[PDB]
Novice: 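Input: one structure, supplied below.
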Protein chains: 2
Amino acid sequence: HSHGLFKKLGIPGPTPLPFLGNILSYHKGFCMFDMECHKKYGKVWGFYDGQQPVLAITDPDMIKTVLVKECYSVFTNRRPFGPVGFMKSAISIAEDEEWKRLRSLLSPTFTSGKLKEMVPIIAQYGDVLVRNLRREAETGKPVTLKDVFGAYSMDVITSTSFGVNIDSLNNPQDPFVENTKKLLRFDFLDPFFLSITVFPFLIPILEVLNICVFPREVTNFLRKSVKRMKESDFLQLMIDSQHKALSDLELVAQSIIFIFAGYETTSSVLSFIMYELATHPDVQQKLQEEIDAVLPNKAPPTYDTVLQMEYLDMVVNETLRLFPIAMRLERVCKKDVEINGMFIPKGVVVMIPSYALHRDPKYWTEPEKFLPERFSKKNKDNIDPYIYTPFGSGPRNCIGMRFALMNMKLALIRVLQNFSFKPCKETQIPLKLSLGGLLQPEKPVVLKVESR
Amino acid sequence: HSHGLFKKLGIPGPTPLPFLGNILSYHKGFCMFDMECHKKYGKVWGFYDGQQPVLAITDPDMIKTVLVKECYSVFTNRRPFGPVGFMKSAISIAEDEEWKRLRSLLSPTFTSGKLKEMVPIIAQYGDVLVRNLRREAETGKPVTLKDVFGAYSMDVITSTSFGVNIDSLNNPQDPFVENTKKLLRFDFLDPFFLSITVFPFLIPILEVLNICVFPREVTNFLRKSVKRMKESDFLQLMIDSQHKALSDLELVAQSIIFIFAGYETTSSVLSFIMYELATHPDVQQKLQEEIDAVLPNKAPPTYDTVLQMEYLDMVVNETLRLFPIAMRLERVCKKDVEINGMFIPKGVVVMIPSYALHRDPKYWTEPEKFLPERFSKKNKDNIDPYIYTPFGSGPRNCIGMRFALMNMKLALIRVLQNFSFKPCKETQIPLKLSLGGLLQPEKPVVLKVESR
Ligand code: HEM
Ligand code: HEM
Ligand SMILES: CN(C)C(=N)NC(=N)N
Ligand SMILES: CN(C)C(=N)NC(=N)N
C-alpha cells in the first residue's frame with residue numbers, strides 16, 4: 001500500500017522513505033518509537049512498515065471497538081509474519097473461520113477447572129526449582145535469572161503439555177529439552193524479519209523452498225514424538241475432542257504453539273518480577289510476609305491459596321504494566337469500515353501500542369515507578385482494561401492468561417518462601433531495555449540469592 | 001557489497017542508507033548528484049547504488065589507466081543493467097572475450113572508408129529533412145526539434161542499416177517506422193530501473209519469465225525482417241564477414257543495438273545544437289557563413305567538405321561538452337588491483353563523471369557558457385581527452401563516433417544552408433535539464449524556422 005494513504009485520510013505520522021517506509025525509525029525499538037509517536041501526534045497516527053500502512057490508535061473506546069466489538073466481522077486476524085508452513089494451522093496464526101473453529105475447540109482446555117487439575121503438576125516443579133536454586137545460591141555465586149526460570153518454564157511446559165517429567169537444568173542431554181529450548185520468541189527487528197517486512201513478496205518464495213520460521217528439526221521432533229505419545233496434560237485434553245473436528249495435524253500445531261507462546265514469555269516475566277523485588281526489598285519483604293500469613297512455615301501453595309494473595313497479584317500485575325512483553329496488539333482490517341467516526345480502509349494494520357499506553361501520563365501517576373499499590377482493590381477501579389492490556393482484549397486475547405498467571409504465581413511463592421533476592425555489582429541499575437524487537441533486558445539480569 | 005567498503009578503504013562519500021544506499025540522492029539526477037560530490041569530496045569518492053559500490057574517479061591519469069591501459073585485463077565490461085535476453089550478444093552488452101571478438105568483427109564496418117561510401121545515402125535524407133522543414137516552417141508555426149530530427153535520425157538509420165528507404169515523417173503508417181520509434185534510450189532513474197537497482201536479485205527472475213528491457217514485439221519484428229532481407233548499408237557489411245565468426249543471432253543483435261545507440265542520441269544532440277544556434281544568432285551566422293564559403297550557393301555537402309569546416313566542428317564539439325548525453329562512463333572491476341597507487345577491490349564499479357568533468361572549473365573557463373572558440377585549433381591543445389569524453393575513451397569507446405559526427409554534420413549543413421532558427425515565447429531561456437536519468441531537456445525544445 002502506497003505512502004499517500006495517511007495524507008489522503010488526513011492522519012498525522014512520520015514521513016515515510018521510499019521502499020523502507022519508516023523502518024529506520026526502529027533503531028530505537030518498537031517501544032520507544034511508539035512513545036515518541038504518541039507524544040508528538042496525539043491520539044491516532046500512521047506509519048509504514050515498508051509498504052504496509054499501520055494505524056496506531058489510542059482511544060479506549062476505539063480500542064474496545066477494534067478488540068471487542070468488530071473482532072468477528074472486521075478485525076479478526078493478526079498480520080501475516082513469514083513462512084509458517086503447516087503452523088498456518090496453529091491457533092495463533094490461523095485465520096477467520098478456521099481460527100474461530102480452533103478457538104472454540106481449545107477454549108474448554110483452558111478452563112479454571114482444568115487449570116485446577118494441573119496445579120498439583122506445576123506445584124511439583126516449584127520443589128524442583130527450589131532444589132536447583134538451593135545448591136547454586138548456597139555456593140554464594142550470583143544466579144542468572146533467565147536460565148533458572150527458563151529451566152522452570154520448560155519443566156512446567158513439558159509436563160503440562162506432554163506428561164513428560166524432566167529436570168531441565170539437570171538433563172540438558174535429554175532430546176526433549178534440546179528441541180524445546182530452540183522454541184524462542186521471534187525478534188521482528190532482526191535481519192531475517194526486517195527483510196521480509198520490506199520484501200513481503202518473498203514470503204511465497206520462501207514457503208515454496210520449504211523454509212520456515214519454526215525451525216524444521218524442532219518441529220519434526222515434536223510431531224514424530226506426539227506421533228508416539230498418541231499411540232499409548234494438554235495433549236490428552238486435545239486427544240479427547242477426537243464446525244468441530246480437531247484433526248491430527250491441527251493438534252500438533254497447537255501443542256507446538258503452546259510451547260512457543262508460553263516458554264520464553266513466562267520465564268521472561270518472572271525475571272522482570274524478581275528484578276523488581278530485588279531492587280525494592282520492601283515490596284519483597286511485604287510479599288514474603290503475605291505468603292507466610294497464608295502458607296505458614298513453608299506450606300505448599302494451592303489453587304485457592306494462590307488466588308487469595310492480593311499483594312502477589314498486585315506485584316505480578318504491576319510488573320506487567322512496566323514489561324508488557326507483547327509490546328503491541330495488532331489486527332488486520334478485513335474491509336472498509338467506520339469505527340467511532342474513523343474511516344479505516346481495507347488492508348491497513350490497526351495497532352494498539354500496549355507498552356506506550358502502559359506508560360501514558362494521562363492514565364498513570366509516576367509511570368516509570370514500580371508501584372504495586374496501583375492494583376490494590378481499593379484503588380484500581382480507575383484502571384481502564386483497554387489501556388492495561390498485557391494479555392490483549394476480547395475474543396482473541398491470550399488463551400493461556402489464567403494458566404500463565406497461576407504458573408508464575410506458583411514459581412514465586414515457592415521461591416520467596418525459601419529465599420531472598422538481592423542487587424549486585426553486575427546488576428544494572430536502573431534496568432535498560434534492549435534495542436531490538438523483543439521486550440527483554442539488554443544484559444540478562446543477575447541477582448544474589450540467599451536461604452531464609 | 002556491504003556499506004563498510006569505502007570507510008575501510010578510507011574513501012569519502014555520502015553515508016548510505018540501508019537497502020537503498022544513496023539512491024534517494026538521485027532526486028536531482030545523475031548530473032547534479034555527480035557535481036555535488038566532486039565539489040565536496042574532491043578527486044575520488046564512493047557511493048552505493050543499493051548494495052552496489054561505485055567509485056567515482058576524476059584524475060585524468062587514473063581515467064586513462066582505467067579506460068585505456070587496464071581495459072583488457074581488469075576494466076573490460078559495463079555494469080549489468082537488466083534482463084536482456086538474446087541482446088546479451090549485442091556488442092555493447094557482451095562481456096570479456098565474447099566482447100573482444102565482436103569488437104574485432106565490427107571494427108572494419110566503421111572505417112572512414114565505409115563511412116565515405118554511406119555519405120551519398122545519408123546526404124539524401126538532408127534533402128528530405130529540408131523538404132519537411134520547408135513546408136512546416138513556411139506555415140509560420142514553431143517547430144518541435146525532437147520530431148524533426150528524430151524523423152531524420154531514423155531516416156538515416158533505416159537506410160544505412162537495412163537499405164530500407166523511407167520518409168519517416170510522411171510514413172508513420174510504415175511497419176518499419178512504428179517499431180524503431182520504440183527503440184528509445186532507457187531512463188535508469190525510472191521506477192523499473194530503480195527497482196532492479198535495488199533488487200538486482202530480480203534480474204534472473206525476470207530473465208526466466210522472458211521479460212526484457214528491449215521490448216519483445218520490436219525485437220521480434222526486426223529479427224523476422226532481417227530474416228527476409230538476408231534471403232535476397234550495415235546489414236550487408238556484416239553479412240560479408242560470413243576467434244572470428246559472426247553468427248546469425250549475433251548479427252541481428254548488432255543491427256538492433258546500432259539502432260538503439262544511434263537513434264535518440266543523434267537526434268538528441270542535434271536538438272541541443274540548434275537550441276544553442278538559435279539562442280546565439282552570432283554563432284549561427286558565423287557558421288552559415290563558413291558553410292557558404294565551402295559550399296557556395298547551397299552546394300551539396302560531401303565527406304571532404306564536411307571535414308573542412310573548423311567552425312562546424314567547434315560548434316558540434318562545444319555543444320557536446322555541455323550535453324554529453326552519456327553523462328557517465330563506467331567499468332566493472334574484474335579483480336583486485338592497484339591503479340596509480342589506488343586499491344580497487346574486485347566487483348566495484350569504476351565511474352567517470354563525464355558531465356561533471358565537462359563543467360569542472362579546474363579545466364574550463366566560464367564552464368556554463370556556450371563558447372565554440374574553446375575548440376579552435378590555435379587554442380585546444382590544453383583540452384585533456386580524459387576530461388572531454390562525449391564518446392568515452394579507449395578500446396571500448398563509441399564505435400559509431402565518426403559516423404555520428406558525419407551524420408549530424410550533414411544534417412546541420414543542409415538545414416542551415418536553407419534556414420535560420422529563432423527563439424520564441426515557449427522557448428525556455430535559459431534551458432533547464434530534466435530531473436530523470438537521461439540528459440534531455442525538461443520541455444522539448446521549440447524554435448521558429450525561416451527560409452533564407
Ligand atoms: C506472562 C506470560 C504471557 C503473556 C504476557 C502473554 C501475552 C499474550 C498476548 C498479549 C497475546 C495477544 C493477545 C491479542 O492479540 O489481543 C497472547 C496470545 C496468545 N497467548 Fe499468551 N501470554 C503469556 C503466556 C501464555 C501461555 C502460557 C500460553 C499457553 C498456551 C499462551 C498462549 C497464547 C495463545 C495461544 C495466544 C493466541 C490466541 C489467539 O490467537 O486466539 N500464552 N498472549
Ligand atoms: C552523438 C551521438 C552519440 C554519442 C554522444 C555517443 C556516445 C557514446 C558513448 C559515451 C559510449 C560509451 C563509450 C564508453 O563506454 O567509453 C558509446 C558507446 C557506443 N556507441 Fe555511441 N554515441 C553516439 C552515436 C552512436 C551511433 C550512431 C552508433 C552507431 C552504431 C553508436 C554505437 C555505439 C556502440 C556500439 C557503443 C558500445 C561500444 C562497445 O561496447 O564496445 N553510437 N557511445
Ligand atoms: C502468543 N503468540 C504466539 C502471539 N500471537 N504473539 C504475541 N503477540 N504475544
Ligand atoms: C551506446 N550504448 C548502447 C551504451 N553503452 N550506452 C551509453 N553509455 N551511451
Side-chain angles (χ1 to χ4, degrees), chain A residues 17-20 23-24 27 189-192 194-195 198-199, chain B residues 1-30 32-59 61-67 69-71 73-82 95-96 188-189 193-204 327-354 356-357 437:
Chain A
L17 292 177
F19 306 93
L20 305 180
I23 66 145
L24 306 173
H27 74 318
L189 298 193
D190 80 18
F192 179 75
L194 269 185
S195 294
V198 162
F199 299 142
Chain B
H1 317 63
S2 295
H3 297 159
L5 183 57
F6 293 128
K7 293 179 179 179
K8 201 228 76 204
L9 308 182
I11 287 143
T15 299
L17 292 177
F19 306 93
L20 305 180
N22 305 109
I23 66 145
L24 306 173
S25 285
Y26 285 136
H27 74 318
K28 322 171 96 287
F30 291 131
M32 316 275 79
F33 174 61
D34 283 339
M35 298 270 250
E36 278 173 49
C37 276
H38 188 212
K39 183 191 84 293
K40 90 159 73 180
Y41 300 112
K43 64 179 180 180
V44 63
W45 74 88
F47 62 99
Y48 296 92
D49 280 339
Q51 307 255 74
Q52 170 69 55
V54 187
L55 184 73
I57 55 136
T58 74
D59 183 33
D61 256 5
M62 219 175 282
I63 301 185
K64 182 182 186 145
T65 321
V66 175
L67 287 194
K69 258 70 201 197
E70 313 285 81
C71 170
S73 69
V74 175
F75 313 99
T76 321
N77 313 304
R78 286 188 194 84
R79 71 157 114 184
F81 70 79
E95 297 198 340
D96 309 301
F188 294 125
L189 298 193
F193 288 94
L194 269 185
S195 294
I196 64 190
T197 294
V198 162
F199 299 142
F201 58 80
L202 284 201
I203 302 176
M327 296 163 305
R328 322 179 136 170
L329 278 5
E330 300 182 353
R331 300 290 180 273
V332 159
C333 183
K334 262 146 77 170
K335 57 204 256 286
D336 302 296
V337 63
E338 204 153 51
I339 70 157
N340 294 30
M342 191 153 303
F343 180 71
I344 321 289
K346 174 179 171 202
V348 151
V349 159
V350 175
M351 186 279 275
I352 299 101
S354 293
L357 294 171

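In the text below, chain A, chain B and the rest are named by the order of the sequence lines, each starting its count at 1. These values consider heavy atoms only, across backbone and side chains, with no hydrogens, waters or symmetry-generated copies.
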Novice: Looking at B:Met327 and B:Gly437, what are the two nearest heavy atoms and their distance?
Specialist: CE-O, 3.0 Å
Novice: I need the minimum non-hydrogen distance between B:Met342 and B:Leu55, along with the two atoms involved.
Specialist: SD-CD2, 4.3 Å
Novice: For the side chain to side chain donor-acceptor pair (under 3.5 Å) test, which of B:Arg328, B:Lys28, B:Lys39 pairs with B:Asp34?
Specialist: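 Per the side chain to side chain donor-acceptor pair (under 3.5 Å) rule, the option paired with B:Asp34 is B:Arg328, out of B:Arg328, B:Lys28, B:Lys39.
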Novice: With rounding to the nearest 0.5 Å, note down the distance linking SG in B:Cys37 to CE in B:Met351.
Specialist: 7.5 Å
Novice: Taking the six-membered ring for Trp, are B:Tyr26 and B:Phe33 parallel (under 30°), tilted (30 to 60°) or perpendicular (over 60°)?
Specialist: perpendicular
Novice: Please report the shortest heavy-atom distance between B:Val74 and B:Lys334, naming the atom on each side.
Specialist: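 Closest pair (atom of B:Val74, atom of B:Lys334, distance): O-CD, 3.0 Å.
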Novice: Let me see the working for B:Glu95 and B:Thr76 under side chain to side chain contact (heavy atoms under 4.5 Å, CB included), right down to the final yes or no.
Specialist: CA-CA 7 Å; B:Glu95 297 198 340; B:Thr76 321; over 6 Å; no
Novice: At what distance, to the nearest 0.5 angstrom, does CG of A:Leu20 lie from CG of B:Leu20?
Specialist: 4.5 Å
Novice: Using the rule given for ring pair (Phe, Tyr, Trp, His ring centres under 6.0 Å), can you reason through B:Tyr41 versus B:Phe47, listing the C-alpha separation, both sets of side-chain angles and the distance that settles it, and then say yes or no?
Specialist: CA-CA 11 Å; B:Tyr41 300 112; B:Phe47 62 99; 9.9 Å; no
Novice: Output the distance between atom CD1 (B:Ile203) and atom CZ (B:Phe201), rounded to the nearest 0.5 Å.
Specialist: 10.5 Å
Novice: Can you find a heavy atom in the side chain of B:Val349 that is under 4.5 Å from one in the side chain of B:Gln52?
Specialist: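 Touching, per the 4.5 Å side-chain cut-off.
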Novice: Working to the nearest 0.5 Å, report the span between CD of B:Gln51 and NE2 of B:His3.
Specialist: 4.5 Å
Novice: Nearest 0.5 Å please: distance from the NZ atom of B:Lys69 over to the CG atom of B:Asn340.
Specialist: 10.5 Å
Novice: Apply side chain to side chain contact (heavy atoms under 4.5 Å, CB included) to B:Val66 and B:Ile339, showing your working.
Specialist: CA-CA 8 Å; B:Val66 175; B:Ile339 70 157; 3.4 Å; yes
Novice: To the nearest 0.5 Å, what is the distance between CD1 on B:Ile23 and OG on B:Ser195?
Specialist: 8.0 Å
Novice: Which pair of non-hydrogen atoms, one from B:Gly42 and one from B:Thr58, has the smallest distance, and what is that distance?
Specialist: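 Distance-wise, the nearest heavy atoms are O-OG1, 4.3 Å.
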Novice: Of the non-hydrogen atoms in B:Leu9 and B:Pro345, which two are nearest, and what is the gap between them?
Specialist: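 That closest heavy-atom pairing would be CD1-CD, 3.8 Å.
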Novice: Treating B:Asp96 as the side-chain partner and B:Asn77 as the backbone partner, does any N or O pair qualify as donor plus acceptor under 3.5 Å?
Specialist: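 Absent.
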Novice: Test B:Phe19 against A:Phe19 for ring pair (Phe, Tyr, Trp, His ring centres under 6.0 Å), laying out the working first.
Specialist: CA-CA 9 Å; B:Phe19 306 93; A:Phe19 306 93; over 10 Å; no
Novice: Going through the checks in order, is the side chain to side chain contact (heavy atoms under 4.5 Å, CB included) test met by B:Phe30 and B:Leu189?
Specialist: CA-CA 9 Å; B:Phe30 291 131; B:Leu189 298 193; 3.5 Å; yes
Novice: Given side chains that start at C-beta, do those of B:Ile57 and B:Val350 come closer than 4.5 Å, heavy atoms only?
Specialist: yes
Novice: Are B:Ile63 and B:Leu357 close enough that some pair of their side-chain heavy atoms sits under 4.5 Å apart?
Specialist: yes
Novice: Quick one, B:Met62 with B:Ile352, criterion side chain to side chain contact (heavy atoms under 4.5 Å, CB included). Give me CA distance, side-chain angles, the key distance, then yes/no.
Specialist: CA-CA 10 Å; B:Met62 219 175 282; B:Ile352 299 101; over 6 Å; no
Novice: Which atom pair, heavy atoms only, marks the closest approach of B:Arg79 to B:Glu330?
Specialist: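 Closest pair (atom of B:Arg79, atom of B:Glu330, distance): NE-OE1, 2.8 Å.
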